[PDB]
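Asks: Sharing a structure, written as structure tokens. Questions coming.
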Amino acid sequence: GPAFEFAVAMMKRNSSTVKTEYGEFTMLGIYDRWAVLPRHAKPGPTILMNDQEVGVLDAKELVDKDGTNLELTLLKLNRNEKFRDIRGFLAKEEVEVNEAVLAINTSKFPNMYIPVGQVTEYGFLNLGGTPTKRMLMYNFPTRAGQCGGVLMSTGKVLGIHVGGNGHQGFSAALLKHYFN
């Protein structure tokens, strides 16, 4: 119940619906004009945010100290409004929890919330042939188009949904240091 209340408030305050040339994604604003998308969203010089064109001033595809893919792209938007700073809800390390909620918001899945149960720090995964780390895993009936979804528990934003196979979903952990 608490994970849901937290999720709904978080999505209303910090999320938006984004379209890049590669698809439609849920997108979470973190602080200032920095937001995050699954790396495969591959933003271009402009994105569509809540159906409006927004320029992308900078983007960083995150990899670790050894070049290993983290499957996240940070983007700095050409936008006047600032995101409410939610860095305090981002952990310093991968978090595991017993009950999480995945929140999605796109024209395909508008304002939908899914109770996904346990989240485990899985770590290494070969994603489409791409070696990837810091993966969090959970089980629920997956569907295409959920990428970008925000994974949360009470008082915590654990990660961003980057893929799913059958009844298995996975998020890139959303760590505090990625935002300083």
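Starting from 1 in every chain, residues are counted up; chains themselves are A, B, ... following the order of the structure tokens, and ligands are numbered from 1 as listed.
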I'd like the neighbourhood of residue 45 (chain A) as a VMD selection string, where a residue qualifies if any of its atoms comes within 12 Å (using only C-alpha atoms), though same-chain residues fewer than 6 positions away should be ignored.

Replies: chain A and resid 20 to 21 53 to 59 75 to 78

Asks: Contacts of residue 161 (chain A) at 6 Å or less, counting only C-alpha atoms, minus same-chain residues fewer than 5 places along, as number ranges by chain?

Replies: A: 147-149, 170-171

Asks: Need to verify the contact set: residue 112 (chain A), 10 Å, only C-alpha atoms, exclusion of same-chain residues closer than 2 positions in sequence. Can you return it as a PDB file with N, CA, C and O atoms, in the first residue's frame?

Replies:
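Written out: around-v5.pdb:
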```pdb
ATOM      1  N   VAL A   8       2.544   6.650  -6.926  1.00  0.00           N
ATOM      2  CA  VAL A   8       1.647   7.582  -7.572  1.00  0.00           C
ATOM      3  C   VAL A   8       2.113   9.020  -7.429  1.00  0.00           C
ATOM      4  O   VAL A   8       2.133   9.779  -8.407  1.00  0.00           O
ATOM      5  N   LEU A 102       6.044  -1.328 -10.222  1.00  0.00           N
ATOM      6  CA  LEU A 102       6.619  -0.801 -11.460  1.00  0.00           C
ATOM      7  C   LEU A 102       5.546   0.177 -11.993  1.00  0.00           C
ATOM      8  O   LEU A 102       4.390  -0.226 -12.161  1.00  0.00           O
ATOM      9  N   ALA A 103       5.912   1.441 -12.229  1.00  0.00           N
ATOM     10  CA  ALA A 103       4.933   2.417 -12.714  1.00  0.00           C
ATOM     11  C   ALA A 103       5.290   2.782 -14.133  1.00  0.00           C
ATOM     12  O   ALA A 103       6.461   3.033 -14.452  1.00  0.00           O
ATOM     13  N   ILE A 104       4.289   2.744 -14.987  1.00  0.00           N
ATOM     14  CA  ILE A 104       4.453   3.045 -16.381  1.00  0.00           C
ATOM     15  C   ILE A 104       3.486   4.141 -16.794  1.00  0.00           C
ATOM     16  O   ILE A 104       2.410   4.247 -16.250  1.00  0.00           O
ATOM     17  N   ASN A 105       3.891   4.960 -17.754  1.00  0.00           N
ATOM     18  CA  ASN A 105       3.028   5.993 -18.265  1.00  0.00           C
ATOM     19  C   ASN A 105       3.303   6.416 -19.701  1.00  0.00           C
ATOM     20  O   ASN A 105       4.074   7.350 -19.973  1.00  0.00           O
ATOM     21  N   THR A 106       2.650   5.719 -20.615  1.00  0.00           N
ATOM     22  CA  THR A 106       2.784   6.015 -22.028  1.00  0.00           C
ATOM     23  C   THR A 106       1.393   5.945 -22.628  1.00  0.00           C
ATOM     24  O   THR A 106       0.451   5.535 -21.953  1.00  0.00           O
ATOM     25  N   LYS A 108       0.340   3.872 -24.549  1.00  0.00           N
ATOM     26  CA  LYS A 108       0.017   2.450 -24.618  1.00  0.00           C
ATOM     27  C   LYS A 108      -0.441   1.948 -23.245  1.00  0.00           C
ATOM     28  O   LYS A 108      -1.405   1.179 -23.138  1.00  0.00           O
ATOM     29  N   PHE A 109       0.251   2.408 -22.204  1.00  0.00           N
ATOM     30  CA  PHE A 109      -0.061   2.045 -20.825  1.00  0.00           C
ATOM     31  C   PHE A 109      -0.173   3.304 -20.037  1.00  0.00           C
ATOM     32  O   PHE A 109       0.748   3.667 -19.310  1.00  0.00           O
ATOM     33  N   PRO A 110      -1.322   3.985 -20.126  1.00  0.00           N
ATOM     34  CA  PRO A 110      -1.414   5.230 -19.355  1.00  0.00           C
ATOM     35  C   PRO A 110      -1.713   5.033 -17.861  1.00  0.00           C
ATOM     36  O   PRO A 110      -2.630   4.287 -17.514  1.00  0.00           O
ATOM     37  N   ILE A 114       2.010  -1.701 -11.474  1.00  0.00           N
ATOM     38  CA  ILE A 114       2.070  -3.125 -11.338  1.00  0.00           C
ATOM     39  C   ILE A 114       2.770  -3.579 -10.085  1.00  0.00           C
ATOM     40  O   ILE A 114       3.867  -3.150  -9.781  1.00  0.00           O
ATOM     41  N   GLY A 149       9.878   2.475 -17.472  1.00  0.00           N
ATOM     42  CA  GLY A 149       9.093   2.349 -16.242  1.00  0.00           C
ATOM     43  C   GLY A 149       9.922   2.509 -14.976  1.00  0.00           C
ATOM     44  O   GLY A 149      11.073   2.126 -14.910  1.00  0.00           O
TER      45      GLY A 149
END
```

Asks: For residue 74 (chain A), please output as a list in words all residues within 9 Å (counting only C-alpha atoms; exclusion window: fewer than 5 positions along the same chain).

Replies: residues 34, 35, 36, 37, 38, 39, 58, 59, 60, 61, 62, 178 and 179 of chain A

Asks: Could you tell me which of A:33, A:82, A:65, A:42 comes closest to residue 19 (chain A) if we count only C-alpha atoms?

Replies: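 The shortest atom-to-atom distance to residue 19 (chain A) comes from A:42.
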
Asks: I want to know what sits within 6 Å of residue 49 (chain A), based on only C-alpha atoms, with residues of the same chain fewer than 3 positions away left out; could you give that as a PyMOL selection string?

Replies: chain A and resi 17-18+52

Asks: Against region 10-14 of chain A, which residues of region 80-168 of chain A fall within 9 Å? For each one I want the closest pair of atoms and the distance in Å (one decimal), counting only C-alpha atoms, rows by chain and increasing residue number, as JSON lines.

Replies:
```
{"residue": "A:83", "atom": "CA", "partner": "A:14", "partner_atom": "CA", "distance": 6.5}
{"residue": "A:84", "atom": "CA", "partner": "A:14", "partner_atom": "CA", "distance": 6.8}
{"residue": "A:85", "atom": "CA", "partner": "A:14", "partner_atom": "CA", "distance": 8.9}
{"residue": "A:86", "atom": "CA", "partner": "A:14", "partner_atom": "CA", "distance": 8.3}
{"residue": "A:103", "atom": "CA", "partner": "A:11", "partner_atom": "CA", "distance": 7.5}
{"residue": "A:104", "atom": "CA", "partner": "A:11", "partner_atom": "CA", "distance": 8.6}
{"residue": "A:105", "atom": "CA", "partner": "A:11", "partner_atom": "CA", "distance": 8.4}
{"residue": "A:111", "atom": "CA", "partner": "A:11", "partner_atom": "CA", "distance": 8.6}
{"residue": "A:150", "atom": "CA", "partner": "A:11", "partner_atom": "CA", "distance": 8.3}
{"residue": "A:157", "atom": "CA", "partner": "A:10", "partner_atom": "CA", "distance": 8.9}
```

Asks: List every residue of region 9-136 of chain A that DSSP, applied to the backbone of this structure, assigns to helix (DSSP H, G or I), and report them as a list in words.

Replies: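 Everything in region 9-136 of chain A that counts as helix (DSSP H, G or I) is residues 9, 10, 11, 12, 13, 14, 39, 40, 41, 87, 88 and 89 of chain A.
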
Asks: Using only C-alpha atoms, can you tell me which of A:71, A:24, A:130, A:165 comes closest to residue 51 (chain A)?

Replies: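 Checking each candidate against residue 51 (chain A), we get A:24 as the closest.
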
Asks: Considering only C-alpha atoms, can you say which of A:46, A:107, A:168, A:154 comes closest to residue 9 (chain A)?

Replies: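 Looking only at the distances to residue 9 (chain A), the closest residue turns out to be A:154.
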
Asks: With distances taken over only C-alpha atoms, which of A:101, A:113, A:131, A:70 is nearest to residue 173 (chain A)?

Replies: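 Looking only at the distances to residue 173 (chain A), the closest residue turns out to be A:70.
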
Asks: State, in Å with one decimal place, the distance from CA of residue 41 (chain A) to CA of residue 68 (chain A).

Replies: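 Distance between the two atoms: 17.9 Å.
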
Asks: Just list the residues in region 42-152 of chain A DSSP gives strand (DSSP E or B) on the backbone, as a VMD selection string.

Replies: chain A and resid 46 to 49 52 to 63 69 to 77 83 90 97 to 104 112 to 127 130 to 138 150 to 152

Asks: Which residues, written as a list in words, have at least one atom at most 12 Å from residue 180 (chain A), with only C-alpha atoms counted and residues fewer than 2 positions away on the same chain left out?

Replies: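 Those residues are residues 30, 31, 34, 87, 88, 90, 92, 175, 176, 177 and 178 of chain A.
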
Asks: To one decimal place in Å, what is the distance between CA of residue 95 (chain A) and CA of residue 129 (chain A)?

Replies: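 Interatomic distance here is 25.3 Å.
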
Asks: Nearest residue to residue 64 (chain A) out of A:26, A:132, A:80, A:142, using only C-alpha atoms?

Replies: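 Looking at the shortest contact to residue 64 (chain A), the residue is A:132.
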
Asks: Could you check the closest approach to residue 63 (chain A) for each of A:96, A:141, A:133, A:166 and tell me which residue wins, using only C-alpha atoms?

Replies: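 When distances to residue 63 (chain A) are compared using only C-alpha atoms, the smallest one comes from A:133.
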
Asks: To one decimal place in Å, what is the distance between CA of residue 91 (chain A) and CA of residue 50 (chain A)?

Replies: 27.8 Å
